[PDB]
Amino acid sequence: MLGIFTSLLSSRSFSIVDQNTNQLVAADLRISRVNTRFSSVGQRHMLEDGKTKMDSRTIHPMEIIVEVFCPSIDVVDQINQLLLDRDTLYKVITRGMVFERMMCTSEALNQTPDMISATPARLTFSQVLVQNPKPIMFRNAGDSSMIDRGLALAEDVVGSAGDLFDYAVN
Amino acid sequence: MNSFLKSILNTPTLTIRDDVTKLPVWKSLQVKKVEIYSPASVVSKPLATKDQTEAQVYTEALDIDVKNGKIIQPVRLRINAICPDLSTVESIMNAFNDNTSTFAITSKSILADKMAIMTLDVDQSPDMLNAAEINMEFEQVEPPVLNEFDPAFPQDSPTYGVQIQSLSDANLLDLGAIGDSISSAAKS
Amino acid sequence: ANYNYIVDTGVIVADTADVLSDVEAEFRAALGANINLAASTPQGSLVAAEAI
Amino acid sequence: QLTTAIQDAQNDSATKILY
Amino acid sequence: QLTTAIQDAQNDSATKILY
Amino acid sequence: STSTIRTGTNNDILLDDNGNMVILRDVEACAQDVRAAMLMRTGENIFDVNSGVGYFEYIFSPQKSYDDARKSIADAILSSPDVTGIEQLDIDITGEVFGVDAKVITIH
Amino acid sequence: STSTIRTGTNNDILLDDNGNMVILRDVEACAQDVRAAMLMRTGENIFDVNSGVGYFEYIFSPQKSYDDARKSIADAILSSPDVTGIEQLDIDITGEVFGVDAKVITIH
Amino acid sequence: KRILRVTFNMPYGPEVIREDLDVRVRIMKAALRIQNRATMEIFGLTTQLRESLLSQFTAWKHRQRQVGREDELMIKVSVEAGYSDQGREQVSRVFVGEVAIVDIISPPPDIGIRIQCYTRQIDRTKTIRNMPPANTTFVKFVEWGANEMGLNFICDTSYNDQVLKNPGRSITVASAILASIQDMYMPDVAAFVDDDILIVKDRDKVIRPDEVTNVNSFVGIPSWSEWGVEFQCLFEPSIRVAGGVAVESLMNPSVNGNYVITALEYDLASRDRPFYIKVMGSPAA
Amino acid sequence: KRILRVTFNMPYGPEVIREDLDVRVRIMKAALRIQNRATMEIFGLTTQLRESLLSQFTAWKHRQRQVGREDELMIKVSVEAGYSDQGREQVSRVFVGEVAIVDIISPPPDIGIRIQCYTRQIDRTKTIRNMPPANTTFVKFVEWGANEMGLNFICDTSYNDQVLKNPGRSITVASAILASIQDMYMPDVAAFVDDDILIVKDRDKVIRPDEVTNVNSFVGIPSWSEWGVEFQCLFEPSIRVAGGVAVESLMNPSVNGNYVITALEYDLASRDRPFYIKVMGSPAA
Amino acid sequence: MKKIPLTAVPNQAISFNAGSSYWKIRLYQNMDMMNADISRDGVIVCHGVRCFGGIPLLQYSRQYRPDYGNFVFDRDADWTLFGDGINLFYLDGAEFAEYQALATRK
């Protein structure tokens, strides 16, 4: 959609940027369609007289469904480890529409005699709802807010005081 | 359309092996479509966050929470094929009816392993008088977690504790200790 | 607002988040109840200076 | 369910002597 | 939920075991 | 009901004729705050770090798309209090000029 | 953060000029470890057995399809710590050369 | 915009769990000797928050150890609920009590705890520090019980100037005081504890006659009951236990009148439909 | 490949109901005086099998008749569950008890019975044949109770050398013996009957220090509780009641440690998803 | 000797029952050392204790006596090397007395 120039005849549309290390991933998918469906639910409340107060609204997580063509086995394995990559969030940039905190919920390959070289694939991501979309951080390494560990039940070791003393001497 | 000129590293040959015997099973099973669904499950309720901490000390906490908040569901295949022989179909139905059955489906380039049959549809229609159209479904019993394990030799194996409960008395031609002594003195 | 960070059982030092909140409250009571204490504004710059 | 617990409560109160 | 009612019919236990 | 000390284009404290500090309120205060927040490089607030426009990682770099720049500018504009949204964020490029125009819809 | 003793192409412990053992960390250690893990024939670990590359059942044999060889090499590469995944794995075959080319994307 | 907070009290401080996290609080209060209950299911807990809360919630250190002389033995948690629009808040308090039970109902990927709190779960108190009166009136026994429990009291009854020979020297702990005050004179005058206020009054009288709550909007229909009128409503931060209500219905015209409250059933879900309070009420005299 | 057997004991012999029939056994054992229970839903019963089983299970012949001096008054049934692959079995024993109730849950075309077995339902005993000790220590009273019930005993506690005057002369039946051994000394040391072994031990001690069970794989998440660690697991034929556990979790890193078992929640369904055991555990000392 | 579990974060607080007492240590990076706030049984014992290797945290006899114990770092405190490399050990009364006896002739 409009709103931004390029003056640049080589802009790539789709991008899946890994959040940590801020690197591209699956840089060879042939995207064919993107569908970014939002969701939210009402709290209809009928009340005595013919009437229904909707109360408030809860924002359900965003979902994205991407139909792509994988042209190579390396890309297919990249998508497989995308699905199996449980400890990084991804950022999906479809068309000037940046989406952060996104993880792959589902993925389906299709192998048919209509495409013997490449394989169509349907990926679905879902946003990870977070209490604070924008967090507060600090520059220097001295001044965190303290985190409490609760009751620990200090575990048991045996070294005697002599070993600790020899360690401190060395 | 010369179909025997298949690729070398992306050969389109479905090879259903058998994890027990490592032999190709159900050959002559001309395949017509293979769909591999690999689902997962992500958090639905908003995750809590603890800000007002530092750069990079929030990062690993979020990474642990994220690695803790997704659950991976097993892989499924849906093979559509055309069986030309009664032997292949009888074997397929027998394998399906067998409770214990793990195979290794290899699509064009996938090596989905530890896979068992969930559903099996055989359709006989007037337009396919010979052969019958088959639609099989497979589910992953166990993802290929790498068993690091203490291998290669009977010793060095970990202790497995079989907690027995009740010992039976005896059988055979045994009369207590004299029976035991005769059996032992037989040197057999 | 500074409390007694000296006390008798040694110096009690609080988190910079608490210190910055105290300075922000002081500035909000001094200049105006709804002043934009953003770091790019002059008042926010003064707040950050007195938080260091 | 709760009928199982009801049956359990009844079985508690069975002993071999009437009084 | 009968489980919450079960968990409620347990609160009647003070520090006195009396015993 | 935002309020901010009045500043000039040189971006220091500019006093009035009487030698006082003017406390702009509502519309002018929000306009000044938005202009100030759009001139702040990222990583300049030691108490927020992640805040500020990406003037070196998203603009001023041999980049492929400027949609990250659009997101950064939108976030910087919205971070100011009493902003709500952006009606239009026109981004035009001349040979060198990275022209940006905003249509903030501050409520007050 | 992976750490490994410095070894040469001969695969032995190669000391420095002062007769010390250098402990590579991060990227170089990961590269050396991936290379070493790709040279181990399967069943050579009496403490893994199942681990290693099947150089004698998949490669070097009249194998119909090289997908098994590709997966064995991929598993061997991914077994090394801090490898995450593989960007590209080419299995080009010249007249008598089984050329392999990997593009590991190790985190550090 | 519903605004619901669960505020714990731990050595670090108060850690307010806001409505952004999925929270579901079912509070059930009544004019009885029984401790009012609150079952709260909180999902979206991080590992650090789980370790900071669940580790502190325990039933040990008072059975197999000592670590106890006063509060901090068990975590006291309050619940503050209400609405918020145009910038104004309505966060009133709906529960104060100590946790007793911890569990998880929903396994991963949504690790959501379910914790059970009761009001005045400090029953393991100092085994009655001050001796009960030898011979005294009901009001003065009530004052002694309130002083022992540390709670301010509202005693409004016609049985106050009735002497009791020997009022409750079989009491073992502080909690049993409420059971005793409930046990004596129990056709009507039932004593209870609402939050931190111990209320002893007749069942047909209101704690605060000037604080009647005119109710005109209900959810469903205000229906009859065995004693009075029963009805559900959206959360109004002005309805307490044993308060006065001035039901003015439309569907049912016969239920109009003034009622006192006997039972209250809060069901507050920030991220779900149920945000109602159910009121049991009886005719007010 | 789950392998579950329900083995009855009738005059004809043992008639084992295998896992081919739809069976569903819900067992709940615990360290209390109460008899651990097992509900059994068995489908696919033939007419002959129903005649053989349900007609034998009865509450008569001991109330309106006599037909009773020993066992065979009611049928005793054991449960052997486990896994099986590659030809090796893992069939342990998970319950031994006598039936008390039988009903039908599913009508035709699947006549499914539901029986209810309780451990030590032979309380119709010889009304205490041998008189309890007049004066004796706790360990010797426990030995007398175990001898009277016919079960071997494991008495491991610090209260053994404590004398009692009249230790259980109001006991009417064999079952009340366990209730009495539980009744005395009930801050920690709760005695129970696990299968055919009567265990009298402190609640914070393991019956078996050498039989700790290292647990690393859990279903869901190993969570905290108001007492200890609570977690579900796939059926492992090495987890008993009052046993020691060595939880080593991943999702929750601070629940790691050594715990003793207090409760057990077996739910075994051969032809359905639930094949889990839930463990309540408390810190071990 | 009981090692106290730690995590590699700059500023943190840990509470535990050790030596028949309820200890709580808040460890935080202050300039270029680590300072510790130590509280026993709710009431705070000391603020701003600068942490050093081998040197006990509780240093005045008004705090670690009688038989209360003490805390010792094997090396100079550094939260970057918490969990591995650097540990905090708790000594009971008798064991701390023995440690002091070995420590007074060094």
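Residues numbered from 1 in each chain as written, not as in the entry; some residues may be left out. Chains lettered and ligands numbered in written order. Part of a larger assembly, values for the part shown. Heavy atoms only, no water.

- The deposited coordinates, according to the entry record, derive from cryo-EM at 3.3 Å resolution.

## Observations regarding the overall build of chain F
Then, number 1: Counting its secondary structure elements, chain F contains two helices and four strands.
Then, number 2: For chain F, the N- to C-terminal ordering of α and β elements is β-β-α-α-β-β.
Then, number 3: Taken along its principal axes, the extent of the C-alpha atoms in chain F is 50 × 30 × 25 Å.
Then, number 4: When the 108 residues of chain F are sorted by exposure, 39% land in the buried category.
Then, number 5: Relative to all contacts within chain F whose residues are 6 or more apart in sequence, the contacts with residues 24 or more apart total 31%.
Then, number 6: Here chain F has roughly 6,000 Å² of accessible surface; of this, 51% comes from carbon and sulfur atoms.
Then, number 7: In chain F, which carries 8 positive and 18 negative side-chain charges, the distance between the mean positions of the two groups comes to 3 Å. (Helix = DSSP H or I, 4+ residues; strand = E, 2+ residues; numbered from the N terminus. Buried < 20%, exposed > 50% of the residue type's maximum accessible area, 1.4 Å probe, protein only. Contact = heavy atoms within 4.5 Å. Areas by Shrake-Rupley, 256 points an atom, 1.4 Å probe, with all protein chains shown as cover. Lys, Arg positive; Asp, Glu negative; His and termini not counted. Charge placed at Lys NZ, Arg CZ, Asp CG, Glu CD.)

## Here we look at the overall build of chain B
Then, number 1: Looking only at helices and strands, chain B features three helices and seven strands.
Then, number 2: Each helix (α) and strand (β) of chain B, taken in turn from the N terminus, gives the series β-β-α-β-β-α-β-β-β-α.
Then, number 3: In summary, chain B has a C-alpha radius of gyration of 27 Å against a globular reference of 16 Å for 188 residues, an excess of more than 25%.
Then, number 4: Dimensions of chain B along its principal axes, counting C-alpha atoms only, are 80 × 70 × 35 Å.
Then, number 5: Here chain B, with 188 residues, has 31% of them falling under the buried criterion. (Rg over C-alpha atoms; globule rule 2.2 N^0.38 Å.)

## A short note on the interface of chain B and chain A
Then, number 1: Across the boundary between the two partners, chain B contributes 36 residues, which contact 40 residues of chain A.
Then, number 2: For the pair chain B and chain A, the two sides together bury roughly 3,500 Å², of which 55% comes from carbon and sulfur.
Then, number 3: As a salt-bridge pair, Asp87 of chain A and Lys67 of chain B come within 3.6 Å of each other at their nearest N and O atoms.
Then, number 4: In this structure, the connection of chain B to chain A is made through 19 residue pairs in polar contact.
Then, number 5: Contributions of two or more residues to the side of chain B that touches chain A are made by β2 (31-41) and α1 (57-68) of chain B.
Then, number 6: With 10 residues, the top contributor of residues to the side of chain B that touches chain A is β2 of chain B.
Then, number 7: Bridge count between strand β8 (residues 98-111) of chain A and β2 of chain B: six bridges; the pairing is antiparallel. Each residue of the ladder has a partner; that of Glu107 of chain A, found in β2 of chain B, is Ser38 of chain B. (Buried area = accessible area lost by both parts, 1.4 Å probe. Salt bridge = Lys/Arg side-chain N within 4 Å of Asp/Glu carboxyl O. Polar contact = N/O pair within 3.5 Å; in protein donor to acceptor, adjacent residues only side chain to side chain. Pairing = 2+ DSSP bridges.)

## Details of the interface of chain H and chain J
Then, number 1: In this complex, chain H contributes seven residues to the contact, which on the side of chain J involves four residues.
Then, number 2: Linking chain H to chain J there are one residue pair in polar contact.
Then, number 3: When the residues that make up the side of chain H that touches chain J are grouped by side-chain class, the tally is three nonpolar, two polar and two charged. (Nonpolar A, V, L, I, M, F, W, Y, C, P; charged D, E, K, R; others polar.)

## What about the environment of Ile17 of chain D?
Then, number 1: Note on placement: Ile17 of chain D falls in the segment after α1 (2-12).
Then, number 2: Taking the relative accessible area as the measure of exposure, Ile17 of chain D reaches 34% and is therefore partly exposed.
Then, number 3: For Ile17 of chain D, the residues in contact, after removing those within four places along its chain, are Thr127 and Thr172 of chain I.

## Overview of the sheet that holds strand β5 (residues 44-50) of chain J
Then, number 1: What the five strands build is an open sheet, ordered β10(A)-β2(J)-β3(J)-β4(J)-β5(J); its pairing is mixed. In this open sheet, the two strands that pair with only one neighbour each are β10 (147-151) of chain A together with β5 of chain J. Averaged over all pairs of adjacent strands, the angle between their axes in this sheet comes to 15°, without regard to strand direction.
Then, number 2: Across six bridges, the pairing between strand β2 (residues 12-17) of chain J and strand β3 (residues 22-30) of chain J is antiparallel. Bridging across to β3 of chain J, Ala13 of chain J finds its partner in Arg26 of chain J. (Axes fitted to C-alpha atoms, helices over the stretch in contact; angles between N-to-C directions.)

## A few points about helix α2 (residues 93-103) of chain J
Then, number 1: Of all the residues in α2 of chain J, the buried ones are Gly93, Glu95, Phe96 and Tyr99 of chain J. Buried residues of α2 of chain J fall within an arc of 165° about the axis and therefore sit on the same side.
Then, number 2: Considering only its buried residues, α2 of chain J is in contact with α2 (160-169) of chain A together with α1 (61-64), β6 (70-73) and β7 (88-91) of chain J.
Then, number 3: The N-cap of α2 of chain J, judged by a side-chain oxygen 3.5 Å from the amide nitrogen of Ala94 of chain J a few residues on, is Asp92 of chain J. (Arc of directions from axis to C-beta.)

## So, the packing of helix α2 (residues 138-149) of chain H against helix α3 (residues 175-183) of chain H
All names here are of chain H.
Then, number 1: It is at 10 Å that the axes of α2 and α3 come closest, and there the two elements cross at 160°. Between α2 and α3, the crossing angle belongs to the class labelled roughly antiparallel. For α2 against α3, the interelement crossing comes out left-handed. Here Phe138, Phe141, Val142, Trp144, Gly145 and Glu148 of α2 come into contact with α3, specifically with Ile177, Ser180 and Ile181.
Then, number 2: Considering only residue class, the contact of α2 with α3 consists of six nonpolar, two polar and one charged. (Parallel < 35°, antiparallel > 145°, perpendicular 65-115°, else oblique. Left-handed = near helix turned anticlockwise from the far one by under 90°.)

## Points about empty space enclosed by the protein
Then, number 1: By the definition in use, this model includes six cavities of 30 Å³ or more.
Then, number 2: Quantified by volume, the largest cavity comes out at close to 90 Å³.
Then, number 3: Around the largest cavity, the lining comprises 13 residues; the ones closest to its centre are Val43 and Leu47 of chain B together with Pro109, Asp110 and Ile111 of chain H.
Then, number 4: Counted by class, the lining of the largest cavity contains five nonpolar, four polar and four charged residues. (1 Å grid on protein atoms, 1.4 Å probe; cavity = no way out; pocket = protein on both sides within 12 Å on 5 of 7 lines; lining within 4 Å. Points joined across faces, edges and corners; volume = space filled by probe spheres on them.)

## Brief notes about the environment of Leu24 of chain A
Residues and elements named next belong to chain A.
Then, number 1: Inspection of the secondary structure puts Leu24 in strand β2 (residues 23-24).
Then, number 2: What makes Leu24 partly exposed here is its relative accessible area of 40%.
Then, number 3: Once the C-alpha coordinates of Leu24 and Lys91 are considered, the two residues, 67 residues apart in sequence, prove to be 9.5 Å apart.
Then, number 4: Other than its neighbours up to four places away in sequence, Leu24 contacts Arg12, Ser15, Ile16 and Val17.

## Regarding the nonpolar core
Then, number 1: Counting 113 residues, the largest nonpolar core has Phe8 and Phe57 of chain H together with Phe8 of chain I as its most contacted members.
Then, number 2: At six residues, the largest contribution of residues to this core is made by strand β17 (residues 259-269) of chain H.
Then, number 3: In this view, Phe8 of chain H contacts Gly13, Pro14, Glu15, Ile17, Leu53, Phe57, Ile75, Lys76, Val77, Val99 and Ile115 of chain H; residues no more than four positions away in its chain are not counted.
Then, number 4: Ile16, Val75 and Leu82 of chain A together with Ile36 of chain B belong to the second-largest nonpolar core, a separate cluster that totals 47 residues. (Core = buried A, V, L, I, M, F, W, Y, C linked by side-chain atoms within 4.5 Å.)

## Section: the arrangement of the chains
Then, number 1: Across the 20 pairs of chains in contact, the largest number of contacts is found between chains A and B.
Then, number 2: As for chain I relative to chain G, no contact occurs, and the smallest C-alpha gap between them is 19 Å.

## Regarding the packing of aromatic side chains
Then, number 1: Tallying each qualifying case throughout the model produces 37 aromatic pairs over all chains.
Then, number 2: Relative to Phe98 of chain F, the ring of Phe5 of chain A has its centre 5.2 Å away and its plane inclined at 75°; by these criteria the two rings are edge-to-face. Within this pair, whereas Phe5 of chain A is found in the segment before β1 (15-18), its partner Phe98 of chain F is found in strand β4 (residues 98-104), the two belonging to separate chains.
Then, number 3: Counting every residue linked through ring pairs, the aromatic cluster contains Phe165 of chain A together with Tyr64, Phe96 and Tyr99 of chain J.
Then, number 4: The ring of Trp227 of chain I has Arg203 of chain I sitting right over it, with the charged end atom 4.9 Å from the ring centre. (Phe/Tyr/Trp six-rings, centres within 6.5 Å; stacked < 30°, edge-to-face > 60°. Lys NZ or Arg CZ within 6 Å of the ring centre and 35° of its normal.)

## Here we look at the sheet that holds strand β14 (residues 197-201) of chain I
Residue and element names in this part refer to chain I.
Then, number 1: Judged by pairing direction, the sheet is mixed, and its three strands sit side by side in the order β11-β14-β13 without closing on themselves. Two strands bound the open sheet, and with one partner strand each, they are β11 (152-156) and β13 (190-194). Across the sheet, the mean angle from the axis of one strand to that of its neighbour is 15°, orientation sign disregarded.
Then, number 2: In the packing of helix α3 (residues 175-183) onto the sheet, the strands contacted are β13 and β14, and the crossing angle to β13 comes to about 150°.

## Concerning the side chain of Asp65 of chain B
Then, number 1: Counting through the fold element by element, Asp65 of chain B comes out in helix α1.
Then, number 2: Buried within the structure, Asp65 of chain B lacks any salt-bridge partner; its nearest side chain of opposite charge belongs to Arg50 of chain H, at an N-O separation of 4.9 Å.

## Details of the pattern of salt bridges
Two side chains bearing opposite charge may form a pair once their charged atoms approach each other closely.
Then, number 1: On inspection of all chains with the given rule, the structure shows 38 salt bridges over all chains.
Then, number 2: Here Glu67 of chain A and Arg33 of chain A are joined by a salt bridge, their closest N and O atoms 3.0 Å apart. Of this pair, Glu67 of chain A sits in strand β6 (residues 58-70) while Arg33 of chain A sits in strand β3 (residues 30-41); the two residues are 34 residues apart in sequence, bridging distant segments of the chain.
Then, number 3: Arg33 of chain A gets classed as partly exposed once you look at its relative accessible area, which sits at 49%.
Then, number 4: Among the ionic pairs, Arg5 of chain H bridges to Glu19 of chain H, the shortest N-O distance being 3.8 Å. Here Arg5 of chain H, found in strand β1 (residues 2-7), pairs with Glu19 of chain H, found in the loop between β2 (16-17) and β3 (23-30); they are 14 residues apart in sequence, far enough to count as distant. Neither residue differs from the other here; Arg5 of chain H and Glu19 of chain H are each classed as buried.
Then, number 5: Among the ionic contacts, a cluster of salt bridges with common partners joins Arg24, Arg26, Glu41 and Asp267 of chain H.

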